[PDB]
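Below is one structure; the comments refer to it alone.
Here, each number is a calculation from the coordinates, and none is a lab measurement. Counting neighbours? That spans all protein chains shown, and the Cβs are built from the backbone with ideal geometry, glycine included.
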Amino acid sequence: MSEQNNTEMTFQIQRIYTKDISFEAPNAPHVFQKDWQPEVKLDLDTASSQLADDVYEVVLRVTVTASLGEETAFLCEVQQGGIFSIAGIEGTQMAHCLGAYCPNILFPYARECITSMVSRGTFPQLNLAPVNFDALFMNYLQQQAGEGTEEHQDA
Amino acid sequence: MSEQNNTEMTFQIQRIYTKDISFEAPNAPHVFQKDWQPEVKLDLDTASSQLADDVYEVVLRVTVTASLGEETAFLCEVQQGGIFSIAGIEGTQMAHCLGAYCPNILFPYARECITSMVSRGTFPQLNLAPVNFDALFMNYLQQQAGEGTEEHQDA
Amino acid sequence: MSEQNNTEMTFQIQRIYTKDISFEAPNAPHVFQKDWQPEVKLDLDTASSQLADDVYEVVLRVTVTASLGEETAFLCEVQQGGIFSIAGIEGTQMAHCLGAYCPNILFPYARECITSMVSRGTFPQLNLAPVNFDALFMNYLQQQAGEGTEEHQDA
Amino acid sequence: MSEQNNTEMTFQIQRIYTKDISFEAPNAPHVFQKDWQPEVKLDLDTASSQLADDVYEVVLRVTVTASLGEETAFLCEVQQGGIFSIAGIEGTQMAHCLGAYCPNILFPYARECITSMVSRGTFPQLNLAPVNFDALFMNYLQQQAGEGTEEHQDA
Amino acid sequence: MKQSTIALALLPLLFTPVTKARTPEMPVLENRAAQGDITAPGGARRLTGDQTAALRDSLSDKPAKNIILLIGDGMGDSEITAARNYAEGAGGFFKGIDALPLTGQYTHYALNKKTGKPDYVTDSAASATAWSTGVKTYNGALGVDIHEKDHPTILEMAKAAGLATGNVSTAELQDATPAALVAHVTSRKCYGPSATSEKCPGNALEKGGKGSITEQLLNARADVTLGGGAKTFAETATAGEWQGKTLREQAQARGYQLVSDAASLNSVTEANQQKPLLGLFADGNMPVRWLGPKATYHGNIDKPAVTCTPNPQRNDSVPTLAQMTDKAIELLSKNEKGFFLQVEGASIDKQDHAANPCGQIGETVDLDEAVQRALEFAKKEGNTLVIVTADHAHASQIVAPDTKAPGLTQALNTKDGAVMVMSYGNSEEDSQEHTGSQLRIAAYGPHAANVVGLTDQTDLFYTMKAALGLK
């Protein structure tokens, strides 16, 4: 992050892994009487850590709460982390990279890790659908930035 | 199928599963830059519960940890719960059968879960050694055996 | 007492892993419009071979079938392998380790692969029932106990 | 939905699942002396049949033929099948939507399935690079002059 | 709660250590800037404010995406498919093309042309490491030996993770798949049904907590919000590819597989060469079978209705805005900044005449317009009756501006010419607020025993020794 050997962005996938897991099944044995796809409550979070210059390790936390009727079935949560060199990028292509390119490769891993903790708790098969993050955040940073004439004075 | 063993009175596992899983790796991307000198903690916990008619549970909570001072490497804790249909027998037999023998038989399955969920963090594998509480149970009971209908092939 | 060396039967676990994995489901979509009653047939295959100096391999294949006649639901097969550093010429003692202990050590790892593969085919989960591999060799009698040779036959 | 449709192609992913899986490590404990990323050939084949009304199942054989040094590391393959609804399209492009786009959906999850089995075999983590088999099978469509007129009674 | 159980929504905020993921403003929401926070009261909080003017729509409507790695041979198909999703159904199966015959339903011509020769793709580019932790000790402790790290080899290559190296990702072809008529300027129409989006996917505004019956919350009304390739996807566009295979691969692409490799000496040192003694598993008197009653197809199976429900509000809408902070950051220094490599000059010129929005001369607007705007949504149901046609320009997008914008004078207080790094921002501080460290829940408590008591502070009578699994 300077100018020298930057050009435009600095991107590379270095490592994929899990940083954190949680699974609490209060009605783990009680599932036997209830056979259907449970109520699912999705919550997410943004955690990161800086490792080096331009090297940031960004984490997608996916919280899943499951309930068969008006009773909790199980609780599950994964933090799909990954070591990346991601900096220098700007403008439109910023949200297009870390909102489309990066989430679509990490999603099957967070998803499967959730589905694994569910399947280890020996519950009904629960797997999440591939959502499009790209445009959702791309819209939020759109405000008349297409024509950057600025017009303040000179300097 | 139609050859349900059931030696009149029998301990019969109908289900084995992870009721609770937990993984914490704060130093997951720091594991490489830190010293290869972790203090590996193990913790033993056992609890039992009734679920239904002759349908009983014993949970084995194995807690594996690796830490370097305040900075923890990883956490791997698995409440490997098991549904044991235990009946026909009583006294110190069932007391040590579900209290000592059942969590020991859950130990291979807890080992398995821990091995998988730590490897999901891209941390190294740990294939814990076996220990024989089957021999210990029969030994303490009378050693000579008999009366208690042991699960026994033609040998 | 002076241990000095005393290589009195070597016990050490190198690692556990899936050598071979398989899943088959020809009538995987066709399942929805059939009778939900498959004849769940179990199979266990056995293999063993020495790899290196005091390092032996033990493989236990598990194969689960689900078919109601010609109308087949699915199939799953996992050749679970485990490497154990064992030697000293243990005889009836090593006959426990590879022919009783190891089948029980590899049992959960093979089973998770099967329970995962049905959940990957998006089918109701199936956990294999426990087998008392060591209890057989345990209740019985080894005539010379084990006898690990001993180089000096003295001290 | 379904009813109240207009004059334009409709497409619905009904089910994504593994009809068949494989992971075969013949030189497994021998080749673990080699600690680096296995040299992978990316190998793709397909197969399918009509088992659905206005809906067709297409199966993507994602195949990984990996080698470490002067020996084979492992042989992995996943028949990731999917039930895809299609209508409002005609000619060769009609069925090429499921003969290109639909198994291209399946490919990120085929990668995930393989990656997990590689790590289950204690091999270095393998993340498959995305590739369009679209181009290849497109050629194979225009490289067929069988034409049964109807037939199709079997499959 | 949250409509469709099989969801994911989005994410609270983008990645902060990269940079500040929001453009600055000056006239919040209103370009005309009416500006009137009553007088003594301010009215509603409306902290989001400018967010309602931030594009609007384009949830399911994709103007762009990408996902490649170090290798990726590809060529965009001529079909131009508008995908979408609607799983389960729970009524009529499907309708349209009764017969679906492939040219080769089974691969008689084969997709793979046999691995023994280069089919099309051969080369792979990735890097990773295996693991061990070789435990030891049986008696007393089932693992106490510090054994894993043998003396590291020269294997550590560093360059094993090559830094992308695309080049194609700029001056060839970007996504731009809805390059046609758009009833908005950027997104809406062009091809497909667009982000139709049956009402704002609020579920129950924010969370809801507990509603009457499941008829409102997903289980009854499960008409999915497009999803699964909602706009187009697989539209005629080149990914850039770059790393192409060809026949030139022959060095590796000869065949280090199927015949093992060139070292195939017919059973080298793997089959029987490793084994001297051992002859167990000759027979086993322990069978498996099902020792008790079982039912595979008992239940625990259902059709998961797969949807892409973003929900405008996740848990709580935080102040997602980062302006300048320093202020004089606009003035910048020797950096230039005005040259943003390569960018399109908006949509094609002459396309939109601004007839669809137009506006009105609201010099001094009264509460009449403010209240009726809540009621006017009924008028908006009718859509732009005037269908904006694809009216093309003489200059193709990127060449639509003749002169470039020179920096300094164009202050551009949101570009590479920035200072103070990120102005503190936020680190791993709130990580504890994410249900971290606190005893929030532990199932509920001990359910206690039945057949036994098992109530003893010492779990078993073995203080088992650790050192069995290191980092």
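In table form, for the structure just shown:
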quantity	calculated
Partner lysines for E:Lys189 [C-alpha distance under 22 Å; skip if fewer than 8 residues away on the same chain]	E:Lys62, E:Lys65, E:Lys199, E:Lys231, E:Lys350, E:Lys379, E:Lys380
Under the Debye formula (equal points on every Cα, no solvent term), log10 I(q)/I(0) of the range D:1-42 at q = 0.23, 0.31 Å⁻¹	-0.97, -1.20
Mean shadow area of the protein assembly as shown, taken as a quarter of the surface of its Cα convex hull (nm²)	50.0
Nearest-20 debye value, the protein assembly as shown charge dipole, Cβ charges on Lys, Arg, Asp, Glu	1240
Relative contact order of chain B, defined on C-alpha pairs under 8 angstrom at six or more residues apart (%)	26
Dipole of the protein assembly as shown [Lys/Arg +1, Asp/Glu -1 at C-beta], most positive-end residue of A:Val118, D:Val64, A:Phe137	A:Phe137
³J(HN,Hα) computed for each position of the range B:139-155 - Karplus, 6.51 cos²θ - 1.76 cosθ + 1.60, integer Hz, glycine/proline x	4, 6, 5, 7, 6, 3, 6, x, 6, x, 5, 5, 6, 9, 7, 5, 6
Candidates D:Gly99, D:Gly91, D:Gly81: whichever shows maximal mean-square fluctuation once chain D is modelled as a Gaussian network with Cα springs under 10 Å	D:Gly91
Compactness of the range E:73-213 as Cα Rg over 2.2 N^0.38 Å, two decimals	1.92
Pairwise label distance in nanometres, E:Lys404 with D:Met1, each label 7 Å out on the Cα-Cβ vector	4.7
In nm, spacing of pseudo-spin labels at B:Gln33 and E:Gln252 (7 Å Cα→C-beta vector)	3.2
Cα coordinate range in chain E, projected on the principal axes (Å, largest first)	97, 71, 64
Furthest towards positive pole of dipole, C:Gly146, C:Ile16, C:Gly91, structure part chain C, Cβ charges	C:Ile16
From phi via Karplus (6.51, -1.76, 1.60), per-residue ³J(HN,Hα) for the range E:342-349 in Hz, x at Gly/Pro	8, 8, 6, x, 6, 5, 4, 5
Distance from the range A:93-109 to the range D:10-83 (C-alpha centre basis), Å	24
Whole-angstrom gap from the range D:115-155 to the range E:426-467, using each part's C-alpha centre	48
DSSP loop GluC sites (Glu not before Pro) with at most 15 other Cβ within 10 Å excluded, longest remaining stretch of chain D	D:9-69
Separation between Cα centres of the range E:258-284 and the range E:183-239, rounded to whole Å	57
Where trypsin sites (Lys or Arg not before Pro) fall in DSSP loop in the range E:86-169, at most 10 other Cβ within 10 Å	E:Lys114, E:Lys159
Interchain or long-range residues, amide H under 5 Å from A:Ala47's placed H	A:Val59, A:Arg61
Partners for C:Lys19 among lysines (Cα-Cα distance below 26 Å; same-chain residues under 8 apart left out)	C:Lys41, D:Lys19, D:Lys34, D:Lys41, E:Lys114, E:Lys136, E:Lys149, E:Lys275, E:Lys471
Quarter of the Cα convex hull surface for chain A, i.e. its orientation-mean projected area (nm²)	12.4
FRET E, pair E:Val185, E:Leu163, Förster distance 25 Å, beta-carbon r, rounded to 0.05	0.10
Projected area averaged over orientations for the range E:153-255, convex hull of C-alpha atoms, nm²	15.1
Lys, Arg +1 and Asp, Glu -1 on Cβ, resulting dipole of chain D about Cα centre, debye, nearest 20	660
Inter-label distance for B:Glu90 and E:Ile213, nm, one decimal - labels placed 7 Å from Cα along Cα-to-Cβ	5.3
B:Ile86 long-range amide H proximity, modeled H, under 5 Å	B:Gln12, B:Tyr56
The range E:1-121: translational diffusion in µm²/s, Stokes-Einstein, Kirkwood Rh over Cα pairs, 4 °C, 1.567 mPa s	58
Stretch in chain B that is longest and holds no chymotrypsin sites (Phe, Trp or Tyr not before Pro) that DSSP places in a loop and that have at most 15 other beta carbons within 10 Å	B:37-155
Amide H contacts under 5 Å for E:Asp61, placed H, 5+ residues apart	E:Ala195
Label point at E:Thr384 placed 7 Å out along Cα→Cβ; residues across the range A:131-155 whose backbone nitrogen lies under 19 Å	A:139, A:142-147
HN-Hα J in Hz across the range C:87-98 - Karplus 6.51, -1.76, 1.60, θ = phi - 60°, x for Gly and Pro	4, x, 6, 8, x, 6, 6, 5, 4, 5, 3, 8
Average partner coverage of E:404-413, which counts Cβ from other chains inside 10 Å	4
